[PDB]
Each structure stands twice: as structure tokens, then as C-alpha cells.
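Chemist: Have a peek at work_27.cif (mmCIF, C-alpha atoms and all ligand atoms; chains and numbers go by the auth columns).
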data_input
loop_
_atom_site.group_PDB
_atom_site.id
_atom_site.type_symbol
_atom_site.label_atom_id
_atom_site.label_comp_id
_atom_site.label_asym_id
_atom_site.label_seq_id
_atom_site.Cartn_x
_atom_site.Cartn_y
_atom_site.Cartn_z
_atom_site.B_iso_or_equiv
_atom_site.auth_seq_id
_atom_site.auth_asym_id
ATOM 1 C CA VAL A 1 3.614 17.653 29.050 0.00 3 A
ATOM 2 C CA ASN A 2 3.704 13.895 28.388 0.00 4 A
ATOM 3 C CA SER A 3 6.337 11.317 27.425 0.00 5 A
ATOM 4 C CA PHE A 4 5.191 10.728 23.832 0.00 6 A
ATOM 5 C CA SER A 5 8.130 11.407 21.504 0.00 7 A
ATOM 6 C CA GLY A 6 8.597 11.911 17.783 0.00 8 A
ATOM 7 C CA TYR A 7 4.967 12.585 16.863 0.00 9 A
ATOM 8 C CA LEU A 8 3.822 14.898 14.092 0.00 10 A
ATOM 9 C CA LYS A 9 1.106 17.289 15.273 0.00 11 A
ATOM 10 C CA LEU A 10 -1.957 17.164 13.025 0.00 12 A
ATOM 11 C CA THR A 11 -4.389 19.323 15.030 0.00 13 A
ATOM 12 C CA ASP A 12 -4.777 20.858 18.467 0.00 14 A
ATOM 13 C CA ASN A 13 -5.340 17.380 19.950 0.00 15 A
ATOM 14 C CA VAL A 14 -4.310 14.719 17.378 0.00 16 A
ATOM 15 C CA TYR A 15 -0.726 13.498 16.869 0.00 17 A
ATOM 16 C CA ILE A 16 0.523 10.808 14.466 0.00 18 A
ATOM 17 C CA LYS A 17 3.631 8.637 14.099 0.00 19 A
ATOM 18 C CA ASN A 18 4.945 5.703 12.072 0.00 20 A
ATOM 19 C CA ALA A 19 5.361 3.192 14.889 0.00 21 A
ATOM 20 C CA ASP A 20 4.484 -0.263 16.170 0.00 22 A
ATOM 21 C CA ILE A 21 1.832 0.329 18.837 0.00 23 A
ATOM 22 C CA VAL A 22 3.173 -2.646 20.806 0.00 24 A
ATOM 23 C CA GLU A 23 6.671 -1.170 20.998 0.00 25 A
ATOM 24 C CA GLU A 24 5.246 2.303 21.636 0.00 26 A
ATOM 25 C CA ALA A 25 3.144 1.048 24.550 0.00 27 A
ATOM 26 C CA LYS A 26 6.072 -0.803 26.139 0.00 28 A
ATOM 27 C CA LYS A 27 8.212 2.349 25.944 0.00 29 A
ATOM 28 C CA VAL A 28 5.674 4.943 27.095 0.00 30 A
ATOM 29 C CA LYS A 29 3.514 2.745 29.348 0.00 31 A
ATOM 30 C CA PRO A 30 0.597 5.130 28.729 0.00 32 A
ATOM 31 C CA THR A 31 -2.433 5.441 30.949 0.00 33 A
ATOM 32 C CA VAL A 32 -4.610 4.099 28.105 0.00 34 A
ATOM 33 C CA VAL A 33 -3.754 2.012 25.057 0.00 35 A
ATOM 34 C CA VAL A 34 -6.595 1.423 22.595 0.00 36 A
ATOM 35 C CA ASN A 35 -7.131 -2.046 21.139 0.00 37 A
ATOM 36 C CA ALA A 36 -8.767 -2.613 17.747 0.00 38 A
ATOM 37 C CA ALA A 37 -11.169 -5.143 19.253 0.00 39 A
ATOM 38 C CA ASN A 38 -14.050 -7.247 17.968 0.00 40 A
ATOM 39 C CA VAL A 39 -17.295 -7.773 19.879 0.00 41 A
ATOM 40 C CA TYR A 40 -16.142 -11.156 21.230 0.00 42 A
ATOM 41 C CA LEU A 41 -12.755 -9.798 22.362 0.00 43 A
ATOM 42 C CA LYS A 42 -11.087 -12.587 20.361 0.00 44 A
ATOM 43 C CA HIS A 43 -7.633 -11.107 19.838 0.00 45 A
ATOM 44 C CA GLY A 44 -6.509 -13.242 16.928 0.00 46 A
ATOM 45 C CA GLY A 45 -4.734 -10.925 14.509 0.00 47 A
ATOM 46 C CA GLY A 46 -4.016 -7.371 13.505 0.00 48 A
ATOM 47 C CA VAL A 47 -3.476 -4.901 16.322 0.00 49 A
ATOM 48 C CA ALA A 48 -5.455 -7.060 18.765 0.00 50 A
ATOM 49 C CA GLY A 49 -3.465 -10.204 18.036 0.00 51 A
ATOM 50 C CA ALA A 50 -0.189 -8.301 18.405 0.00 52 A
ATOM 51 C CA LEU A 51 -1.142 -6.584 21.671 0.00 53 A
ATOM 52 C CA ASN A 52 -2.365 -9.839 23.173 0.00 54 A
ATOM 53 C CA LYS A 53 0.851 -11.666 22.210 0.00 55 A
ATOM 54 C CA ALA A 54 2.871 -8.982 24.004 0.00 56 A
ATOM 55 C CA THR A 55 0.871 -9.735 27.197 0.00 57 A
ATOM 56 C CA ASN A 56 1.717 -13.453 26.946 0.00 58 A
ATOM 57 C CA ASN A 57 -2.036 -14.145 26.370 0.00 59 A
ATOM 58 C CA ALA A 58 -3.072 -12.506 29.669 0.00 60 A
ATOM 59 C CA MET A 59 -5.220 -10.044 27.698 0.00 61 A
ATOM 60 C CA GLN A 60 -7.129 -12.950 26.128 0.00 62 A
ATOM 61 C CA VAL A 61 -7.626 -14.713 29.481 0.00 63 A
ATOM 62 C CA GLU A 62 -9.028 -11.527 31.028 0.00 64 A
ATOM 63 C CA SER A 63 -11.169 -10.893 27.946 0.00 65 A
ATOM 64 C CA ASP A 64 -12.705 -14.378 28.001 0.00 66 A
ATOM 65 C CA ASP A 65 -13.805 -13.826 31.597 0.00 67 A
ATOM 66 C CA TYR A 66 -15.257 -10.428 30.622 0.00 68 A
ATOM 67 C CA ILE A 67 -17.323 -11.968 27.801 0.00 69 A
ATOM 68 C CA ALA A 68 -18.472 -14.891 29.949 0.00 70 A
ATOM 69 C CA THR A 69 -19.870 -12.362 32.446 0.00 71 A
ATOM 70 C CA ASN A 70 -21.133 -9.574 30.184 0.00 72 A
ATOM 71 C CA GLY A 71 -21.641 -10.961 26.690 0.00 73 A
ATOM 72 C CA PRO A 72 -20.335 -9.378 23.502 0.00 74 A
ATOM 73 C CA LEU A 73 -19.704 -5.694 22.984 0.00 75 A
ATOM 74 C CA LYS A 74 -21.681 -3.626 20.483 0.00 76 A
ATOM 75 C CA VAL A 75 -20.128 -2.557 17.203 0.00 77 A
ATOM 76 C CA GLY A 76 -19.171 1.031 17.994 0.00 78 A
ATOM 77 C CA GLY A 77 -18.835 0.181 21.693 0.00 79 A
ATOM 78 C CA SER A 78 -15.980 -0.349 24.115 0.00 80 A
ATOM 79 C CA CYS A 79 -14.898 -1.646 27.488 0.00 81 A
ATOM 80 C CA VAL A 80 -12.022 -0.759 29.821 0.00 82 A
ATOM 81 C CA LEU A 81 -9.840 -3.672 30.924 0.00 83 A
ATOM 82 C CA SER A 82 -6.310 -4.001 32.250 0.00 84 A
ATOM 83 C CA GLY A 83 -3.364 -2.776 30.214 0.00 85 A
ATOM 84 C CA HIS A 84 -1.233 -5.624 31.620 0.00 86 A
ATOM 85 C CA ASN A 85 2.479 -4.931 30.969 0.00 87 A
ATOM 86 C CA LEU A 86 1.706 -2.413 28.203 0.00 88 A
ATOM 87 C CA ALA A 87 -0.333 0.361 29.865 0.00 89 A
ATOM 88 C CA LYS A 88 -2.399 1.045 32.954 0.00 90 A
ATOM 89 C CA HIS A 89 -5.637 0.355 31.053 0.00 91 A
ATOM 90 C CA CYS A 90 -6.637 -1.036 27.687 0.00 92 A
ATOM 91 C CA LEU A 91 -9.684 0.539 26.043 0.00 93 A
ATOM 92 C CA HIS A 92 -11.039 -2.187 23.745 0.00 94 A
ATOM 93 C CA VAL A 93 -12.949 -0.358 20.986 0.00 95 A
ATOM 94 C CA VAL A 94 -14.963 -2.081 18.249 0.00 96 A
ATOM 95 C CA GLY A 95 -14.870 -0.262 14.945 0.00 97 A
ATOM 96 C CA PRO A 96 -16.971 -1.659 12.105 0.00 98 A
ATOM 97 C CA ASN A 97 -15.352 -4.453 10.100 0.00 99 A
ATOM 98 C CA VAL A 98 -16.041 -3.751 6.421 0.00 100 A
ATOM 99 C CA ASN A 99 -15.061 -7.352 5.628 0.00 101 A
ATOM 100 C CA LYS A 100 -18.099 -8.389 7.719 0.00 102 A
ATOM 101 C CA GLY A 101 -20.481 -5.910 6.059 0.00 103 A
ATOM 102 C CA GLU A 102 -20.730 -3.639 9.103 0.00 104 A
ATOM 103 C CA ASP A 103 -21.952 -0.060 8.748 0.00 105 A
ATOM 104 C CA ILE A 104 -19.034 2.353 8.333 0.00 106 A
ATOM 105 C CA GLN A 105 -21.175 5.092 9.909 0.00 107 A
ATOM 106 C CA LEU A 106 -20.504 3.317 13.231 0.00 108 A
ATOM 107 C CA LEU A 107 -16.864 4.452 13.009 0.00 109 A
ATOM 108 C CA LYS A 108 -17.797 7.827 14.507 0.00 110 A
ATOM 109 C CA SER A 109 -19.530 6.106 17.433 0.00 111 A
ATOM 110 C CA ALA A 110 -16.400 3.984 17.946 0.00 112 A
ATOM 111 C CA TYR A 111 -14.145 7.049 18.134 0.00 113 A
ATOM 112 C CA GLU A 112 -16.543 8.767 20.580 0.00 114 A
ATOM 113 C CA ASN A 113 -15.358 6.264 23.201 0.00 115 A
ATOM 114 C CA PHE A 114 -11.960 8.003 23.155 0.00 116 A
ATOM 115 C CA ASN A 115 -13.531 11.173 24.606 0.00 117 A
ATOM 116 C CA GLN A 116 -13.930 9.443 27.983 0.00 118 A
ATOM 117 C CA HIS A 117 -10.120 9.479 28.413 0.00 119 A
ATOM 118 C CA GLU A 118 -7.899 12.550 28.629 0.00 120 A
ATOM 119 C CA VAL A 119 -4.926 10.991 26.771 0.00 121 A
ATOM 120 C CA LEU A 120 -4.698 7.807 24.676 0.00 122 A
ATOM 121 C CA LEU A 121 -2.304 5.842 22.496 0.00 123 A
ATOM 122 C CA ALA A 122 -4.304 4.339 19.651 0.00 124 A
ATOM 123 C CA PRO A 123 -4.389 2.819 16.162 0.00 125 A
ATOM 124 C CA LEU A 124 -6.657 3.999 13.373 0.00 126 A
ATOM 125 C CA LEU A 125 -9.975 2.279 13.999 0.00 127 A
ATOM 126 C CA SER A 126 -11.310 -0.032 11.290 0.00 128 A
ATOM 127 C CA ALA A 127 -8.015 0.161 9.360 0.00 129 A
ATOM 128 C CA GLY A 128 -5.852 -2.840 8.527 0.00 130 A
ATOM 129 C CA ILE A 129 -7.721 -6.146 8.561 0.00 131 A
ATOM 130 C CA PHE A 130 -10.999 -4.377 9.420 0.00 132 A
ATOM 131 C CA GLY A 131 -11.086 -3.228 5.791 0.00 133 A
ATOM 132 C CA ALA A 132 -11.854 0.504 6.006 0.00 134 A
ATOM 133 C CA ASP A 133 -10.020 3.341 4.251 0.00 135 A
ATOM 134 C CA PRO A 134 -7.354 4.592 6.711 0.00 136 A
ATOM 135 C CA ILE A 135 -7.503 8.133 5.298 0.00 137 A
ATOM 136 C CA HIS A 136 -11.218 8.164 6.106 0.00 138 A
ATOM 137 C CA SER A 137 -10.560 6.713 9.558 0.00 139 A
ATOM 138 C CA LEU A 138 -8.081 9.519 10.256 0.00 140 A
ATOM 139 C CA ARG A 139 -10.628 12.122 9.125 0.00 141 A
ATOM 140 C CA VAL A 140 -13.299 10.701 11.440 0.00 142 A
ATOM 141 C CA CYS A 141 -10.793 10.578 14.300 0.00 143 A
ATOM 142 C CA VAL A 142 -9.841 14.240 13.879 0.00 144 A
ATOM 143 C CA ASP A 143 -13.491 15.302 13.567 0.00 145 A
ATOM 144 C CA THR A 144 -14.705 13.212 16.553 0.00 146 A
ATOM 145 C CA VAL A 145 -12.013 12.903 19.230 0.00 147 A
ATOM 146 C CA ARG A 146 -11.550 15.987 21.411 0.00 148 A
ATOM 147 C CA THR A 147 -9.163 14.487 23.965 0.00 149 A
ATOM 148 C CA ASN A 148 -5.443 14.059 23.283 0.00 150 A
ATOM 149 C CA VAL A 149 -4.830 11.119 20.953 0.00 151 A
ATOM 150 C CA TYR A 150 -1.444 9.762 19.866 0.00 152 A
ATOM 151 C CA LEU A 151 -1.898 7.616 16.761 0.00 153 A
ATOM 152 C CA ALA A 152 0.567 4.857 15.884 0.00 154 A
ATOM 153 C CA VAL A 153 0.570 3.790 12.222 0.00 155 A
ATOM 154 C CA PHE A 154 2.540 0.590 11.643 0.00 156 A
ATOM 155 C CA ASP A 155 3.058 0.807 7.879 0.00 157 A
ATOM 156 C CA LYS A 156 5.609 3.461 6.898 0.00 158 A
ATOM 157 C CA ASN A 157 4.211 3.850 3.385 0.00 159 A
ATOM 158 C CA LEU A 158 0.722 4.280 4.837 0.00 160 A
ATOM 159 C CA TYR A 159 1.973 6.834 7.369 0.00 161 A
ATOM 160 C CA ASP A 160 3.457 9.028 4.626 0.00 162 A
ATOM 161 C CA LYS A 161 0.244 8.892 2.579 0.00 163 A
ATOM 162 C CA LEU A 162 -1.853 9.898 5.605 0.00 164 A
ATOM 163 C CA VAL A 163 0.393 12.875 6.361 0.00 165 A
ATOM 164 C CA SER A 164 0.744 14.007 2.748 0.00 166 A
ATOM 165 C CA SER A 165 -3.008 13.786 2.093 0.00 167 A
ATOM 166 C CA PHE A 166 -4.188 15.273 5.390 0.00 168 A
ATOM 167 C CA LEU A 167 -6.444 18.305 5.130 0.00 169 A
HETATM 168 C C1 LIG B . -2.741 -2.182 8.454 0.00 201 A
HETATM 169 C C2 LIG B . -2.007 -1.334 9.554 0.00 201 A
HETATM 170 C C3 LIG B . -0.520 -1.266 9.157 0.00 201 A
HETATM 171 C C4 LIG B . -2.638 0.106 9.566 0.00 201 A
HETATM 172 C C5 LIG B . -3.576 0.511 10.739 0.00 201 A
HETATM 173 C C6 LIG B . -3.525 -0.313 12.054 0.00 201 A
HETATM 174 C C7 LIG B . -3.735 0.686 13.267 0.00 201 A
HETATM 175 O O1 LIG B . -3.010 1.896 13.124 0.00 201 A
HETATM 176 N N1 LIG B . -2.252 -1.116 12.105 0.00 201 A
HETATM 177 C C8 LIG B . -1.269 -1.118 13.194 0.00 201 A
HETATM 178 N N2 LIG B . -0.824 0.093 13.663 0.00 201 A
HETATM 179 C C9 LIG B . 0.107 0.148 14.688 0.00 201 A
HETATM 180 N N3 LIG B . 0.664 -0.895 15.298 0.00 201 A
HETATM 181 C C10 LIG B . 0.253 -2.086 14.856 0.00 201 A
HETATM 182 N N4 LIG B . 0.685 -3.289 15.335 0.00 201 A
HETATM 183 C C11 LIG B . 0.077 -4.312 14.674 0.00 201 A
HETATM 184 C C12 LIG B . -0.783 -3.764 13.728 0.00 201 A
HETATM 185 C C13 LIG B . -0.708 -2.310 13.805 0.00 201 A
HETATM 186 C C14 LIG B . -2.109 -2.022 10.962 0.00 201 A
#
Here is a file; write its structure as C-alpha cells.
Modeler:
Amino acid sequence: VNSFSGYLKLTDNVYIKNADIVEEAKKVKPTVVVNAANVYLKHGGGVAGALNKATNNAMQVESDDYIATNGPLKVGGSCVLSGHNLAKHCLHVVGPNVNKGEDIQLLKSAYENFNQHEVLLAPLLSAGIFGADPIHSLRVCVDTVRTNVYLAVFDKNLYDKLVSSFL
């Protein structure tokens, strides 16, 4: 039993809700919140920009030190950093950005990072400003993640379309 509330159950391990991931994280304070990161951990917009703003830019400061030490992530890769005031940990995961020409096949590799954590709060990878089809992203999530994932979908219209079209 966990403190996630109001989710629709899609499968044995995947749950979905129309919610702002920032507000969800502040309420639940989960062990792991997933960020829709880029390889440089530049948290300028979308989910990443919103999460960073909620940390008063502490996420960006930590991220800049991480990159200075380690260099950029791989597309499809991830790193674990602090969750600041939002969660214990933040799993920064890089899904392919279709608006940069990146291979959508890497979306499965991106979701595989979730399997290293027993429970996560997460957005749909590569959705929003990353330019991928969110229905497809949900399909890959369900077919790849085996741990317990609680998906927050910000757009209410998009949430209803994902539920109604789910197979
Ligand atoms: C374009 C979106 C409405 C759809 C998919 C992603 C990840 O779920 N989106 C978010 N989902 C949940 N919380 C969020 N906060 C800021 C953006 C955001 C944007």
C-alpha cells in the first residue's frame, strides 16, 4: 500500500492520472520522481522546467555540477540525483526528442531505467515538447516497465484520450 490517490489502474503495475506532476510530487513526496531530462540536464521548459522551478533552481545547480563532473547523459540514459523538496530522489531520464531528430526506438531504452526502482511517479517520456505521440509513449511504458509506475498527465483532454484509446 502506498499514498498515491485517485489513479486509474491500467495494468498490474501501471497507474495513470490527470495531474500536475509538480503538485503530485509535493503532496506524495515519493521516493522517486522522474524528470523528462535532456542530456545536458538543462531544465528549461516542459516537465523539467516546471520541476526545477519548484526546487527554486536547486535542481539546476546540482545538475550543472553533475555535468561538469560526468559530462552529458546518453539519449535513453538516466542518472539519480536529489529530489530536493519534491521527492527523496529524482531519476533524470532522457527520452528521444523527435524535434531534434532522435531515434524513437530509444524510448524503450529510456523506460528501462524505471525498472531499477520499485515505485516511481513519472510523466510520459518523450511527450509534450519532446514531440513524440503520447499514446505510443504510454504503450511503450506499459510494455517495458515492470515496477510500479504512477503516471501524471498534465493535460486533461490528453488524459481522456489516453484512457479511452488504451488497449
Ligand atoms: C504535454 C504534456 C501536457 C503531456 C506529457 C508530459 C508528461 O506527462 N506533460 C506533463 N505532465 C505532468 N505534469 C507536467 N508538468 C509540466 C508538464 C507536465 C506535458
Chemist: Let me have all residues with an atom within 6 Å of ligand LIG 201 (chain A), counting only C-alpha atoms and all ligand atoms, laid out as number ranges by chain.
Modeler: A: 22-23, 48-49, 52, 125-126, 129-130, 154-157
Chemist: Just want the 7 Å neighbourhood of residue A:124, counted on only C-alpha atoms, with same-chain residues fewer than 4 positions away dropped. Output as a count of residues only.
Modeler: 6
Chemist: As a check of understanding, name the residues that the PyMOL selection byres (((chain A and resi 107) around 12) and not hetatm) selects in the supplied structure, as a short mmCIF file (atom, residue, chain, number, x, y, z; two decimals) with C-alpha atoms, in the frame of the given file.
Modeler:
data_model
loop_
_atom_site.label_atom_id
_atom_site.label_comp_id
_atom_site.auth_asym_id
_atom_site.auth_seq_id
_atom_site.Cartn_x
_atom_site.Cartn_y
_atom_site.Cartn_z
CA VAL A 77 -20.13 -2.56 17.20
CA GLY A 78 -19.17 1.03 17.99
CA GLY A 97 -14.87 -0.26 14.94
CA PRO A 98 -16.97 -1.66 12.10
CA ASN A 99 -15.35 -4.45 10.10
CA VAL A 100 -16.04 -3.75 6.42
CA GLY A 103 -20.48 -5.91 6.06
CA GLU A 104 -20.73 -3.64 9.10
CA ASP A 105 -21.95 -0.06 8.75
CA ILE A 106 -19.03 2.35 8.33
CA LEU A 108 -20.50 3.32 13.23
CA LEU A 109 -16.86 4.45 13.01
CA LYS A 110 -17.80 7.83 14.51
CA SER A 111 -19.53 6.11 17.43
CA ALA A 112 -16.40 3.98 17.95
CA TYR A 113 -14.14 7.05 18.13
CA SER A 128 -11.31 -0.03 11.29
CA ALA A 134 -11.85 0.50 6.01
CA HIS A 138 -11.22 8.16 6.11
CA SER A 139 -10.56 6.71 9.56
CA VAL A 142 -13.30 10.70 11.44
#
Chemist: In Å, rounded to a single decimal, give me how far atom CA of residue A:115 is from atom CA of residue A:96.
Modeler: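 Computing it gives 9.7 Å between the two atoms.
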Chemist: What's the separation between atom CA of residue A:84 and atom CA of residue A:34, in Å to one decimal place?
Modeler: 9.3 Å
Chemist: When you draw a straight line from atom CA of residue A:73 to atom CA of residue A:38, how long is it in Å?
Modeler: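 A separation of 17.8 Å between them.
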Chemist: Show me as a PyMOL selection string the residues that reach within 12 Å of (0.6, 19.1, 10.8), counting all atoms listed in the file and using the file's own coordinates.
Modeler: chain A and resi 9-19+144+164-169
Chemist: Rank nothing, just name the residue among A:43, A:32, A:140, A:55 nearest to residue A:161, using all atoms listed in the file.
Modeler: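 Under the stated criterion, the closest residue is A:140.
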Chemist: Which is closest to residue A:80 among A:61, A:123, A:56, A:41, if we use all atoms listed in the file?
Modeler: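 Of all the options, A:41 lies closest to residue A:80.
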Chemist: I'd like to know which of A:131, A:3, A:27, A:88 is closest to residue A:39, using only C-alpha atoms.
Modeler: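 Using only C-alpha atoms, residue A:39 sits closest to A:131.
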Chemist: Kindly indicate which residue among A:29, A:158, A:44, A:141 lies nearest to residue A:69, using all atoms listed in the file for the distances.
Modeler: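 With all atoms listed in the file as the atom set, the closest residue is A:44.
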Chemist: Kindly indicate which residue among A:145, A:101, A:132, A:20 lies nearest to residue A:47, using all atoms listed in the file for the distances.
Modeler: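 So, comparing all the options, the nearest one is A:132.
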